[PDB]
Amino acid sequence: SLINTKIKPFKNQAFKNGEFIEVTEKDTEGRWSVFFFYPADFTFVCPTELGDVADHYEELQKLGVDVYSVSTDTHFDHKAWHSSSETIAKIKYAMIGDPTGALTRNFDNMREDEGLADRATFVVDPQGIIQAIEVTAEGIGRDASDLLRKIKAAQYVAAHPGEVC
């Protein structure tokens, strides 16, 4: 598994609050990060998962947790989806475009016969170590609350090593 391994370098374009920015692993150093992968923009299914996370963004930003959603679509596709869907409109975190598939492959999360990323979520600590991984098939939603619980538990463990039980 990738559990307990260090994320790999990357450099991608992203759409964040009306602006196009460049994101690299440098931007994640010293921070808690959530890499939220999904297959494709503009599909016919409502983006509730991406919306759930947007609903907890403020609380996540309070926890010092940056959020990066990722699909193999471009940041141009992301900008357009943001201004055409009420749910995606709520998104304030960075929406990374990964058309080369490199970020997705770094996380071993590519459906090679589709060129689309699987529904996986990765929690990465300040040293770049993956502490939690969640992957689900279509239809099985990822609960943003449970994600919050894990990130809080992970942050605790980092501050209280040796959770005596």
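The first residue of the sequence shown is number 1, and the count goes up from there.
With 55-63 and 128-136 compared on mean CA B-factor from the PDB entry, the stretch scoring higher is 55-63.
Averaged over CA atoms, B-factors in the entry run higher in 24-32 than in the other of 24-32 and 94-102. Split the chain's modelled residues into thirds by C-alpha temperature factor. Residue 72 is in the lowest one. In the deposited entry, the Cα temperature factor of residue 40 sits in the bottom third of values across the chain's modelled residues. When all modelled residues of the chain are sorted by CA temperature factor, residue 120 is found within the lowest third. Remark: residue 110 belongs to the lowest third of its chain, ranked by C-alpha B-factor as recorded.
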